[PDB]
Number of protein chains: 2
Amino acid sequence: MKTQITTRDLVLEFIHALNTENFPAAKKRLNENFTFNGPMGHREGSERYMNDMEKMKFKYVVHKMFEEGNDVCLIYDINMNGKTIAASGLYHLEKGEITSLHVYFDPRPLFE
Amino acid sequence: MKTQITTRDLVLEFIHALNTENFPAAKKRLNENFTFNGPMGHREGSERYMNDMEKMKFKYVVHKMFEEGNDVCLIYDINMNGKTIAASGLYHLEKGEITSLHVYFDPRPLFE
């Protein structure tokens, strides 16, 4: 109640938490029933997605940020196990939490 | 000088032109030296990209639109030869024209 954290701050804090391998901080920004959708599948729940994140240790460089209504879209490079992939990430927020992420990119370089 | 067409109007007009297979109208919204980047390659110049568009006849359903500074990002479904692909399209505008498009999606379904 004493802070001023906006929906844009939440998303950037989530990305900062992942970048600094602060996985408990990152999970705090997600709704319990958060969903993930990406080229390589779907995850149900913050628990499952954060368990994956802790193993994959992806890093993000944010180039552009957009906000409209209850959505934030990031244009970012994601370092996925040494491969750098240009992506767009669409985050939906409700009730002070991130409720979903849909990430867009061509995953073919990841398969060799 | 008599109209009120904003950068958001330009992008939506471009998408409307493509959807209505009005390829000369669509080209008008692009800078001569427009670039395209997508999962399946790069094109140099409005001429080359519009020649491709006239053959591919892609259709777009826009779900979300964002604007920040000289960039517009669309979240849209693209019907590419009968396959519907969820994508994010990042349009850059300068001097009243679209100067680039970077589109993000997983193209694997297009290969079978």
# chains A, B, ... in the order shown; residues from 1 in each chain; ligands from 1
>>> residues_around(residues="residue B:87", least_positions_apart="5", cutoff="10 Å", atoms="only C-alpha atoms", output="ChimeraX atom specification")
/A:88,103-105 /B:60,62,74-78,103-107
>>> residues_around(residues="residue B:56", least_positions_apart="5", cutoff="10 Å", atoms="only C-alpha atoms", output="NGL selection string")
:B and (50-51 or 79-81)
>>> closest_atom_pairs(of="chain A", to="chain B", cutoff="12 Å", atoms="only C-alpha atoms", output="CSV")
residue,atom,partner,partner_atom,distance
A:37,CA,B:86,CA,11.1
A:38,CA,B:106,CA,8.8
A:39,CA,B:106,CA,5.8
A:40,CA,B:106,CA,8.9
A:41,CA,B:106,CA,11.2
A:63,CA,B:71,CA,11.6
A:64,CA,B:68,CA,8.4
A:65,CA,B:68,CA,7.6
A:66,CA,B:68,CA,6.0
A:67,CA,B:66,CA,6.5
A:68,CA,B:66,CA,6.0
A:69,CA,B:66,CA,9.5
A:70,CA,B:64,CA,10.8
A:71,CA,B:64,CA,8.9
A:72,CA,B:66,CA,8.7
A:73,CA,B:66,CA,7.9
A:74,CA,B:73,CA,9.6
A:75,CA,B:90,CA,8.6
A:76,CA,B:104,CA,11.2
A:77,CA,B:104,CA,11.9
A:85,CA,B:104,CA,10.5
A:86,CA,B:104,CA,8.1
A:87,CA,B:104,CA,6.5
A:88,CA,B:88,CA,6.6
A:89,CA,B:88,CA,8.7
A:90,CA,B:75,CA,8.6
A:91,CA,B:75,CA,11.8
A:92,CA,B:64,CA,11.6
A:102,CA,B:86,CA,9.9
A:103,CA,B:105,CA,8.7
A:104,CA,B:105,CA,5.0
A:105,CA,B:105,CA,4.6
A:106,CA,B:106,CA,4.4
A:107,CA,B:106,CA,6.4
A:108,CA,B:108,CA,7.7
A:109,CA,B:39,CA,10.4
A:110,CA,B:106,CA,11.9
A:111,CA,B:108,CA,11.7
>>> write_last_selection(atoms="N, CA, C and O atoms", output="short mmCIF file (atom, residue, chain, number, x, y, z; two decimals), in the first residue's frame")
data_model
loop_
_atom_site.label_atom_id
_atom_site.label_comp_id
_atom_site.auth_asym_id
_atom_site.auth_seq_id
_atom_site.Cartn_x
_atom_site.Cartn_y
_atom_site.Cartn_z
N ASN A 37 2.19 -20.19 -22.92
CA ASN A 37 2.14 -20.73 -24.27
C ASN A 37 3.31 -20.23 -25.06
O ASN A 37 3.56 -19.04 -25.14
N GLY A 38 4.02 -21.16 -25.66
CA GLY A 38 5.13 -20.83 -26.53
C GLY A 38 5.17 -21.80 -27.68
O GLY A 38 4.35 -22.74 -27.75
N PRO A 39 6.14 -21.61 -28.58
CA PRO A 39 6.23 -22.50 -29.75
C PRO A 39 6.35 -23.98 -29.41
O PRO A 39 5.94 -24.87 -30.19
N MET A 40 6.94 -24.25 -28.27
CA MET A 40 7.24 -25.63 -27.88
C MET A 40 6.33 -26.18 -26.79
O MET A 40 6.57 -27.24 -26.21
N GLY A 41 5.24 -25.50 -26.55
CA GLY A 41 4.22 -26.05 -25.71
C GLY A 41 3.60 -25.14 -24.72
O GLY A 41 3.70 -23.94 -24.80
N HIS A 63 14.35 -4.89 -25.62
CA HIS A 63 14.59 -3.81 -26.60
C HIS A 63 13.45 -2.83 -26.68
O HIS A 63 13.66 -1.64 -26.89
N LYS A 64 12.22 -3.30 -26.52
CA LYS A 64 11.02 -2.45 -26.59
C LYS A 64 9.98 -2.99 -25.67
O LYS A 64 9.89 -4.19 -25.46
N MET A 65 9.20 -2.07 -25.11
CA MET A 65 8.10 -2.42 -24.24
C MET A 65 6.89 -1.62 -24.64
O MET A 65 6.98 -0.39 -24.84
N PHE A 66 5.77 -2.31 -24.71
CA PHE A 66 4.49 -1.73 -25.01
C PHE A 66 3.49 -2.09 -23.94
O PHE A 66 3.56 -3.14 -23.34
N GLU A 67 2.53 -1.20 -23.70
CA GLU A 67 1.39 -1.50 -22.81
C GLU A 67 0.09 -0.99 -23.42
O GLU A 67 0.04 0.09 -24.01
N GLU A 68 -0.95 -1.79 -23.24
CA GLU A 68 -2.30 -1.42 -23.67
C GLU A 68 -3.24 -2.15 -22.72
O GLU A 68 -3.33 -3.36 -22.74
N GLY A 69 -4.18 -1.45 -22.12
CA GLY A 69 -5.15 -2.14 -21.27
C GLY A 69 -4.45 -3.13 -20.33
O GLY A 69 -3.49 -2.78 -19.68
N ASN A 70 -4.89 -4.38 -20.28
CA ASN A 70 -4.29 -5.31 -19.29
C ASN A 70 -3.15 -6.16 -19.85
O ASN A 70 -2.82 -7.23 -19.32
N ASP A 71 -2.55 -5.67 -20.92
CA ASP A 71 -1.50 -6.39 -21.61
C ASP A 71 -0.24 -5.56 -21.76
O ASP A 71 -0.28 -4.37 -22.02
N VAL A 72 0.87 -6.26 -21.64
CA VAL A 72 2.21 -5.75 -21.89
C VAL A 72 2.87 -6.64 -22.92
O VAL A 72 2.82 -7.85 -22.83
N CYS A 73 3.47 -6.03 -23.94
CA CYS A 73 4.24 -6.79 -24.92
C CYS A 73 5.69 -6.34 -24.96
O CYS A 73 5.99 -5.18 -25.19
N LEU A 74 6.58 -7.31 -24.76
CA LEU A 74 8.01 -7.07 -24.80
C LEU A 74 8.60 -7.61 -26.08
O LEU A 74 8.28 -8.70 -26.52
N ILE A 75 9.49 -6.83 -26.68
CA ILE A 75 10.35 -7.25 -27.76
C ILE A 75 11.71 -7.46 -27.11
O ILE A 75 12.32 -6.54 -26.58
N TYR A 76 12.15 -8.71 -27.12
CA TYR A 76 13.36 -9.06 -26.42
C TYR A 76 14.13 -10.20 -27.07
O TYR A 76 13.58 -11.03 -27.78
N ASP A 77 15.43 -10.21 -26.80
CA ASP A 77 16.29 -11.32 -27.19
C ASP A 77 16.33 -12.26 -26.00
O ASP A 77 16.56 -11.81 -24.85
N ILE A 85 17.68 -15.89 -29.40
CA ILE A 85 16.49 -15.88 -30.21
C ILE A 85 15.74 -14.60 -30.01
O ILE A 85 15.50 -14.20 -28.87
N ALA A 86 15.37 -13.94 -31.11
CA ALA A 86 14.55 -12.75 -31.05
C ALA A 86 13.10 -13.17 -30.92
O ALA A 86 12.58 -13.92 -31.74
N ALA A 87 12.44 -12.62 -29.91
CA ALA A 87 11.07 -12.99 -29.58
C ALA A 87 10.22 -11.78 -29.22
O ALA A 87 10.72 -10.69 -28.94
N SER A 88 8.92 -12.02 -29.22
CA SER A 88 7.93 -11.10 -28.70
C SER A 88 7.16 -11.82 -27.60
O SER A 88 6.67 -12.89 -27.84
N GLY A 89 7.04 -11.21 -26.43
CA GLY A 89 6.35 -11.83 -25.30
C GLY A 89 5.16 -10.98 -24.90
O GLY A 89 5.29 -9.79 -24.62
N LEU A 90 3.99 -11.62 -24.87
CA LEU A 90 2.73 -10.97 -24.53
C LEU A 90 2.29 -11.43 -23.14
O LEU A 90 1.98 -12.60 -22.92
N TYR A 91 2.32 -10.50 -22.19
CA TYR A 91 1.99 -10.73 -20.80
C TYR A 91 0.62 -10.12 -20.49
O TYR A 91 0.40 -8.93 -20.78
N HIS A 92 -0.25 -10.92 -19.88
CA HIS A 92 -1.55 -10.41 -19.44
C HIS A 92 -1.53 -10.31 -17.91
O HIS A 92 -1.04 -11.22 -17.25
N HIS A 102 2.22 -15.45 -23.53
CA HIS A 102 2.31 -16.05 -24.83
C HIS A 102 3.55 -15.51 -25.50
O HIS A 102 3.65 -14.29 -25.66
N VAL A 103 4.50 -16.38 -25.83
CA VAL A 103 5.76 -15.93 -26.44
C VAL A 103 5.83 -16.44 -27.88
O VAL A 103 5.45 -17.56 -28.19
N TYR A 104 6.30 -15.55 -28.73
CA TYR A 104 6.33 -15.74 -30.19
C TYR A 104 7.75 -15.71 -30.70
O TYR A 104 8.43 -14.72 -30.54
N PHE A 105 8.16 -16.78 -31.36
CA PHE A 105 9.45 -16.86 -32.00
C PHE A 105 9.56 -18.11 -32.84
O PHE A 105 8.75 -19.02 -32.71
N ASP A 106 10.58 -18.12 -33.69
CA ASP A 106 10.89 -19.29 -34.52
C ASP A 106 11.85 -20.19 -33.73
O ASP A 106 13.00 -19.81 -33.49
N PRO A 107 11.40 -21.36 -33.26
CA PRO A 107 12.27 -22.17 -32.42
C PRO A 107 13.21 -23.08 -33.17
O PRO A 107 14.00 -23.79 -32.55
N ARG A 108 13.19 -23.05 -34.50
CA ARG A 108 13.98 -24.03 -35.26
C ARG A 108 15.49 -24.05 -34.92
O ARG A 108 16.09 -25.12 -34.86
N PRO A 109 16.12 -22.89 -34.68
CA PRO A 109 17.55 -22.91 -34.36
C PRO A 109 17.86 -23.73 -33.12
O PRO A 109 19.00 -24.18 -32.94
N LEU A 110 16.87 -23.93 -32.26
CA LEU A 110 17.10 -24.66 -31.01
C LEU A 110 17.23 -26.17 -31.22
O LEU A 110 17.67 -26.89 -30.30
N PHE A 111 16.84 -26.65 -32.39
CA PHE A 111 16.83 -28.11 -32.67
C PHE A 111 18.06 -28.56 -33.43
O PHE A 111 18.28 -29.76 -33.65
#
>>> select_by_dssp(residues="stretch 39-76 of chain A", states="alpha helix (DSSP H)", output="number ranges by chain")
A: 46-56
>>> atom_distance(atom1="atom CA of residue A:34", atom2="atom CA of residue A:49")
8.3 Å
>>> decode(residues="chain B", atoms="C-alpha atoms", output="mmCIF file, in the first residue's frame")
data_model
loop_
_atom_site.group_PDB
_atom_site.id
_atom_site.type_symbol
_atom_site.label_atom_id
_atom_site.label_comp_id
_atom_site.auth_asym_id
_atom_site.auth_seq_id
_atom_site.Cartn_x
_atom_site.Cartn_y
_atom_site.Cartn_z
ATOM 1 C CA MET B 1 -3.058 18.049 -45.150
ATOM 2 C CA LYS B 2 -6.822 17.924 -44.869
ATOM 3 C CA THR B 3 -6.983 14.460 -43.284
ATOM 4 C CA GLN B 4 -6.210 13.206 -39.820
ATOM 5 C CA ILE B 5 -4.277 9.968 -40.354
ATOM 6 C CA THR B 6 -2.155 8.904 -37.412
ATOM 7 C CA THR B 7 0.571 6.289 -37.321
ATOM 8 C CA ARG B 8 -1.987 3.825 -35.853
ATOM 9 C CA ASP B 9 -4.308 4.584 -38.759
ATOM 10 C CA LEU B 10 -1.458 3.838 -41.220
ATOM 11 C CA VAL B 11 -0.831 0.446 -39.838
ATOM 12 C CA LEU B 12 -4.498 -0.479 -39.741
ATOM 13 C CA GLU B 13 -4.960 0.842 -43.270
ATOM 14 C CA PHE B 14 -2.057 -1.344 -44.431
ATOM 15 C CA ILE B 15 -3.614 -4.404 -42.847
ATOM 16 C CA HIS B 16 -7.032 -3.503 -44.350
ATOM 17 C CA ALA B 17 -5.468 -3.112 -47.763
ATOM 18 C CA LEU B 18 -3.881 -6.576 -47.526
ATOM 19 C CA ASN B 19 -7.113 -8.134 -46.247
ATOM 20 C CA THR B 20 -9.088 -6.696 -49.127
ATOM 21 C CA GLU B 21 -6.415 -7.759 -51.595
ATOM 22 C CA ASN B 22 -5.781 -4.087 -52.439
ATOM 23 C CA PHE B 23 -2.086 -4.451 -53.090
ATOM 24 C CA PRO B 24 -1.489 -1.044 -54.669
ATOM 25 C CA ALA B 25 -3.102 0.636 -51.613
ATOM 26 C CA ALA B 26 -0.986 -1.475 -49.265
ATOM 27 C CA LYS B 27 2.255 -0.526 -51.083
ATOM 28 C CA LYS B 28 1.428 3.144 -50.666
ATOM 29 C CA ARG B 29 1.819 2.829 -46.877
ATOM 30 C CA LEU B 30 5.432 1.514 -47.222
ATOM 31 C CA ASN B 31 8.681 3.360 -47.615
ATOM 32 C CA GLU B 32 10.510 2.584 -50.851
ATOM 33 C CA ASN B 33 13.327 0.942 -48.889
ATOM 34 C CA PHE B 34 11.061 -0.936 -46.477
ATOM 35 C CA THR B 35 12.532 -4.041 -44.972
ATOM 36 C CA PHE B 36 10.880 -7.266 -43.955
ATOM 37 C CA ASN B 37 12.184 -9.840 -41.489
ATOM 38 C CA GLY B 38 10.360 -12.991 -40.619
ATOM 39 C CA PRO B 39 11.135 -16.559 -39.612
ATOM 40 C CA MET B 40 11.599 -17.561 -43.239
ATOM 41 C CA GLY B 41 13.764 -14.727 -44.378
ATOM 42 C CA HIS B 42 14.306 -11.162 -45.282
ATOM 43 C CA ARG B 43 13.186 -8.879 -48.124
ATOM 44 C CA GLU B 44 14.687 -5.588 -49.211
ATOM 45 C CA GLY B 45 12.348 -2.927 -50.666
ATOM 46 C CA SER B 46 8.631 -2.341 -50.834
ATOM 47 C CA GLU B 47 8.543 -3.604 -54.396
ATOM 48 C CA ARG B 48 9.869 -7.030 -53.599
ATOM 49 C CA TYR B 49 7.764 -7.463 -50.446
ATOM 50 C CA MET B 50 4.553 -6.341 -52.196
ATOM 51 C CA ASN B 51 5.202 -8.673 -55.151
ATOM 52 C CA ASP B 52 5.404 -11.507 -52.623
ATOM 53 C CA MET B 53 2.260 -10.296 -50.900
ATOM 54 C CA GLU B 54 0.275 -10.247 -54.002
ATOM 55 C CA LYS B 55 1.166 -13.908 -54.618
ATOM 56 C CA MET B 56 0.724 -15.134 -51.038
ATOM 57 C CA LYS B 57 -2.532 -13.304 -50.275
ATOM 58 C CA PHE B 58 -2.161 -13.580 -46.500
ATOM 59 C CA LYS B 59 -5.104 -12.576 -44.335
ATOM 60 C CA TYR B 60 -4.923 -11.049 -40.836
ATOM 61 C CA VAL B 61 -7.162 -10.932 -37.840
ATOM 62 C CA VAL B 62 -5.919 -8.335 -35.400
ATOM 63 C CA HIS B 63 -6.538 -9.201 -31.718
ATOM 64 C CA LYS B 64 -4.423 -6.517 -30.014
ATOM 65 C CA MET B 65 -2.627 -3.383 -31.025
ATOM 66 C CA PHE B 66 0.078 -1.543 -29.178
ATOM 67 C CA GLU B 67 1.936 1.703 -29.906
ATOM 68 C CA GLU B 68 5.062 3.209 -28.375
ATOM 69 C CA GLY B 69 7.190 5.938 -29.918
ATOM 70 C CA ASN B 70 7.776 5.076 -33.611
ATOM 71 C CA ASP B 71 6.654 1.469 -33.274
ATOM 72 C CA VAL B 72 3.389 -0.400 -33.517
ATOM 73 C CA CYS B 73 3.028 -4.024 -32.472
ATOM 74 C CA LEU B 74 0.119 -6.156 -33.613
ATOM 75 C CA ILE B 75 -0.982 -9.449 -32.126
ATOM 76 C CA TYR B 76 -2.722 -11.186 -34.971
ATOM 77 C CA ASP B 77 -3.664 -14.487 -36.549
ATOM 78 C CA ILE B 78 -2.291 -14.854 -40.070
ATOM 79 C CA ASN B 79 -3.956 -17.183 -42.548
ATOM 80 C CA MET B 80 -1.063 -18.366 -44.654
ATOM 81 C CA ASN B 81 -2.341 -20.597 -47.426
ATOM 82 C CA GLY B 82 -4.958 -22.162 -45.234
ATOM 83 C CA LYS B 83 -2.814 -22.506 -42.165
ATOM 84 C CA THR B 84 -3.657 -20.127 -39.303
ATOM 85 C CA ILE B 85 -0.624 -18.969 -37.368
ATOM 86 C CA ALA B 86 -0.585 -16.792 -34.274
ATOM 87 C CA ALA B 87 2.005 -14.063 -34.691
ATOM 88 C CA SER B 88 3.284 -10.776 -33.375
ATOM 89 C CA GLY B 89 4.168 -8.094 -35.947
ATOM 90 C CA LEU B 90 6.431 -5.158 -35.108
ATOM 91 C CA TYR B 91 6.038 -2.208 -37.490
ATOM 92 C CA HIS B 92 8.393 0.779 -37.450
ATOM 93 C CA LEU B 93 7.228 4.110 -38.899
ATOM 94 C CA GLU B 94 9.105 7.168 -39.912
ATOM 95 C CA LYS B 95 8.140 10.159 -41.992
ATOM 96 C CA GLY B 96 4.587 8.982 -42.439
ATOM 97 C CA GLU B 97 5.545 5.588 -43.861
ATOM 98 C CA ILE B 98 6.155 2.064 -42.618
ATOM 99 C CA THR B 99 9.916 1.486 -42.861
ATOM 100 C CA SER B 100 10.115 -2.058 -41.469
ATOM 101 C CA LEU B 101 8.244 -5.114 -40.329
ATOM 102 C CA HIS B 102 9.628 -7.815 -38.090
ATOM 103 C CA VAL B 103 7.157 -10.685 -37.647
ATOM 104 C CA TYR B 104 7.463 -13.318 -34.936
ATOM 105 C CA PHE B 105 5.984 -16.797 -35.077
ATOM 106 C CA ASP B 106 6.737 -20.507 -35.155
ATOM 107 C CA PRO B 107 6.715 -21.420 -38.863
ATOM 108 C CA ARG B 108 7.018 -25.188 -38.410
ATOM 109 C CA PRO B 109 3.330 -25.961 -39.165
ATOM 110 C CA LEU B 110 3.869 -24.465 -42.626
ATOM 111 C CA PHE B 111 6.360 -27.226 -43.591
ATOM 112 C CA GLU B 112 3.930 -29.984 -42.697
#
